[PDB]
Number of protein chains: 2
Amino acid sequence: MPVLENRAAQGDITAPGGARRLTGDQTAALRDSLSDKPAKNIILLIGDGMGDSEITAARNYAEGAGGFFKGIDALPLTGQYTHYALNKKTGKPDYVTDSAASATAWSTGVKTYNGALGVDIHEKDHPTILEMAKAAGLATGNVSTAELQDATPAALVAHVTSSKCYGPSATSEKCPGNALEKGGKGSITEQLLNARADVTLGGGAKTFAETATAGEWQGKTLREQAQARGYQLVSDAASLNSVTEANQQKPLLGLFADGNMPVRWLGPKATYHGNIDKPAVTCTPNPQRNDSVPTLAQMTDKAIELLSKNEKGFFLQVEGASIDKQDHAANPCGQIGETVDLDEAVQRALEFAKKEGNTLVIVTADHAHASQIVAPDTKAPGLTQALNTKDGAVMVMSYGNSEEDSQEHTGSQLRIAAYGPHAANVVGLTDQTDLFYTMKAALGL
Amino acid sequence: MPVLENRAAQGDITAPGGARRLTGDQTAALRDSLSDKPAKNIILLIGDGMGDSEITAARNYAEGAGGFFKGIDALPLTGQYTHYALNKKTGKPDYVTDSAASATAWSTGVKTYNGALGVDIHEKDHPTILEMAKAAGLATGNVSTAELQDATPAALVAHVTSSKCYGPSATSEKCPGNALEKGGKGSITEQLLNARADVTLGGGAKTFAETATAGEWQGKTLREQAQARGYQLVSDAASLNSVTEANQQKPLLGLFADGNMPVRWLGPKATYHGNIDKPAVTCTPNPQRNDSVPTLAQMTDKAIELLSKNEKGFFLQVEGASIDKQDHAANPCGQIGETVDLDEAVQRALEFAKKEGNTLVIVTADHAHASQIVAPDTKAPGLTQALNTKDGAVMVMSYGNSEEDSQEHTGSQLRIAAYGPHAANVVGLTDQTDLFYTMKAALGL
Ligand SMILES: [Mg+2]
Ligand SMILES: [Mg+2]
Ligand SMILES: [Zn+2]
Ligand SMILES: [Zn+2]
Ligand SMILES: [Zn+2]
Ligand SMILES: [Zn+2]
């Protein structure tokens with residue numbers, strides 16, 4: 001089963017045929033990309049807020065307009081999917097999802113209301129793909145550059161009526177029906193610990209310093225609970241690297257930041273008339289990010305390594321979470337940098353999948369976002385920035401959909417791409433909830 | 001070769017699985033969708049400015065979030081393609097194309113600068129796919145809801161250094177190298193009459209009132225010239241319908257409006273804080289549109305009827321031009337109405353292609369645009385509007401990339417979809433110029 005090896009511009013983009021990404025007919029290559037044998041493993045990679053615009057902008061800057069993402073762009077089977085949520089009262093569509101309702105959709109196969117994690121509009125719990133994988137004897141992995149309590153990772157492990165229910169205090173206040181001391185299953189962090197994926201890697205160390213109000217581990221911080229329950233805790237690159245096994249006897253929990261993990265690139269925030277009155281920007285490495293903090297690729301590496309020891313197979317989710325957060329912050333360098341960071345993780349995933357040959361790799365986003373690519377001389381009403389790209393030309397980005405401090409999600413359908421067994425099920429128009437049923441059928445759960 | 005029959009939500013979108021668009025595994029159907037036999041015919045349908053956003057907004061409004069465009073969404077093979085232009089001075093990428101540069105890319109296989117038609121950055125002419133088709137004995141059709149001099153239909157039949165060169169007068173002023181009296185090939189309209197497609201249908205009667213400055217038909221209107229050269233002129237739906245043949249002896253020229261053809265739906269323009277200050281809008285049919293004006297689907301139908309008589313095959317391009325024009329105008333109803341208009345035309349194309357069996361249908365856009373779907377309570381700096389959708393819920397659209405009176409194109413990659421022989425060549429990441437080569441190779445040109 002082939003990967004797309006090189007769909008860069010093949011020539012002189014100014015000459016006839018020089019911008020072509022194809023060197024010949026694709027019918028045979030695509031025939032060869034279609035198998036309905038069982039997936040042994042799945043790797044799902046989510047660029048949070050990574051719409052087609054975010055992919056294009058990132059490619060334009062980092063690789064040139066005619067360049068090629070050896071990870072993101074390399075998956076042969078592509079479609080567009082819909083990620084609309086539901087209004088909680090009416091059950092009618094709500095055309096722009098948040099991260100919680102969208103992650104709930106691919107992870108349980110039920111649509112839900114903005115802010116819901118692993119529950120439906122009736123607040124009824126539904127099983128997640130990770131829970132099902134594990135129940136079937138599969139190894140399970142949950143990796144993110146966000147706090148692990150954030151919606152995308154949390155959706156695989158927690159069932160709560162509001163995604164703000166990070167730890168015991170939040171939960172008692174905002175999700176009283178989920179609060180442990182009220183007879184509920186507990187906060188997001190408490191539920192994550194109960195779920196006991198083999199491998200869990202991200203930020204969100206700070207919520208683990210809260211103490212439980214009830215239950216078996218009442219009166220201990222959640223970290224202590226984790227330790228008392230046999231988890232291996234690591235906090236940096238070197239300690240992650242040292243881990244040699246992860247399973248149900250010795251699950252791995254990696255906590256790499258108090259909150260979200262730091263982004264890799266620095267650049268200024270976009271500003272009003274920024275493309276006109278401020279110089280073109282070149283992104284630079286983020287000086288506030290220590291090399292000791294593992295990258296998404298490094299996290300993804302170790303996770304594959306440890307999960308792949310399972311004879312029966314694994315489920316792994318990997319989230320480039322700060323594409324979204326930097327898009328909210330109108331920061332093109334931040335956003336682009338996190339798209340590049342995700343492309344690196346996709347590369348590791350496909351290289352693994354290629355050699356093993358029974359692994360379904362999926363790359364998409366939870367919803368679209370604000371950023372747009374506009375003409376260099378645009379006079380726009382929102383925040384803009386000129387950037388010096390790999391091509392040696394200026395690209396302007398625009399953030400035009402919020403007068404408040406945060407730019408907003410958008411509701412456009414967006415790219416979903418796949419490689420490997422059952423990848424066909426991503427092609428054409430689908431819904432985010434199909435992804436659940438695709439993964440479930442692929443793994444035979 | 002199957003068409004996607006029904007990818008609407010399959011059940012109760014509030015219940016598990018109810019929002020699925022798929023009813024089972026797609027590997028078989030997709031395999032059955034892959035053929036490398038020759039395309040006898042090609043029907044290329046362009047929604048001008050119809051990015052994924054535009055598709056989604058139109059689906060949400062007209063069919064509901066979980067609805068299904070029986071034309072647009074029914075093509076089984078899907079990918080995302082890049083449409084960047086070139087800076088004429090540098091030859092480097094210009095990340096946001098106009099309609100002229102993009103149409104030149106698929107019609108010719110060469111990238112070019114914004115505003116160029118059938119010429120490269122050096123202002124050298126390159127042959128178009130329609131010209132090549134004609135050369136090989138195939139029937140040729142060129143259909144648009146725009147002025148026939150507008151960029152998209154013009155790119156098939158005209159080679160000019162500026163897309164503004166509608167007729168003799170503009171050409172002498174702005175493309176003196178192309179001016180007939182200066183020894184050039186002529187204005188866009190003169191070159192369209194030389195190209196002599198079998199079927200040409202659109203708007204743009206105005207420029208035909210001009211008289212030529214030189215050549216055999218000096219002093220005659222370009223309308224008189226068309227008639228002196230054996231063209232059959234039609235002007236409304238009944239006259240179009242009564243045409244029984246179109247060929248090189250009697251080429252068909254349909255001029256249904258003085259400028260662009262009138263749009264199908266009316267609604268108010270989006271305004272600053274429009275979603276907040278103005279009630280939700282319901283689009284209505286444009287009561288100023290005479291029913292004697294053929295719709296795009298009616299023009300498509302007649303074109304297919306006439307072109308399909310050629311035993312060797314045909315090439316037909318069909319453009320839903322006013323998606324772009326209404327997006328520029330921040331008019332959600334006009335925009336969505338034109339996307340619905342296009343979907344009707346696509347259904348005609350697919351219906352023909354399914355029975356005929358050797359016809360490749362391609363549906364895409366020239367570039368992306370401004371419109372975004374945003375949360376109903378968004379407070380945005382640009383122009384917004386709340387719409388009452390078919391779901392019985394409010395959608396808000398936003399136009400946030402220009403302070404001037406035209407909303408701007410955007411550079412995001414966007415959906416391309418195909419059905420029929422060689423439709424594989426649209427899947428994955430491609431470039432707009434690959435489409436040229438795909439069409440060329442499919443017809444053995
Ligand atoms: Mg997230
Ligand atoms: Mg056009
Ligand atoms: Zn998100
Ligand atoms: Zn967000
Ligand atoms: Zn256009
Ligand atoms: Zn335009």
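Below, all heavy atoms of this structure are taken into account, side chains as well, without hydrogens, waters or symmetry copies. Read the numbers this way: they start at 1 and go in the same order the structure lists the ligands and their atoms. Throughout, protein chains are lettered first and strands after them, A, B, ... in sequence-line order, and every chain is numbered starting at 1.
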For A:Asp324, what is the atom name of its N, O or S atom nearest to the Zn ion (ligand 4)?
->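 Nearest N/O/S atom: OD2.
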Can you name the N, O or S atom of A:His328 that is closest to the Zn ion (ligand 4)?
->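 Looking only at N, O and S atoms of A:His328, the one nearest the Zn ion (ligand 4) is named NE2.
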Does B:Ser99 bring an N, O or S atom to within less than 2.8 Å of the Zn ion (ligand 5)?
->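 Yes, within the cut-off.
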N/O/S of B:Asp366 less than 2.8 Å from the Zn ion (ligand 5)?
->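 Yes.
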Presence of N, O or S from [X] under 2.8 Å of the Zn ion (ligand 4):
{"X": "A:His367", "answer": "no"}
{"X": "A:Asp48", "answer": "no"}
{"X": "A:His369", "answer": "no"}

Can you find a side-chain donor-acceptor pair between A:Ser398 and B:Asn401 that sits under 3.5 Å?
->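 Per modelled atom types, A:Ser398 and B:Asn401 side chains form no pair under 3.5 Å.
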One thing to verify: whether [Y] and [X] come together as a salt bridge, which I'm taking to mean a side-chain N less than 4.0 angstrom from a carboxylate O.
{"X": "B:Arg264", "Y": "B:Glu344", "answer": "yes"}
{"X": "B:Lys269", "Y": "B:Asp405", "answer": "yes"}
{"X": "A:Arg415", "Y": "A:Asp52", "answer": "no"}

Contact flag B:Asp48/the Mg ion (ligand 2), N/O/S atoms, threshold under 2.8 Å =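 Yes.
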Contact flag B:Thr152/the Mg ion (ligand 2), N/O/S atoms, threshold under 2.8 Å =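 For B:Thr152, the answer is yes, given that an N, O or S atom comes within less than 2.8 Å of the Mg ion (ligand 2).
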Would you mind telling me which of B:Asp94, B:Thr97, B:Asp431 makes a side chain to side chain contact (heavy atoms under 4.5 Å, CB included) with B:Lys111?
->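 With B:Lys111 as partner, B:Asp94, B:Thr97, B:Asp431 yield a single side chain to side chain contact (heavy atoms under 4.5 Å, CB included), made by B:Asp431.
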Atom nearest to the Mg ion (ligand 2) - B:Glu319, N, O or S atoms considered |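 Minimum-distance N/O/S atom of B:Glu319 relative to the Mg ion (ligand 2) is OE2.
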Centroid-to-centroid, B:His328 to B:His369, below 6.0 Å?
->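 Distance test on ring centres: under 6.0 Å, yes.
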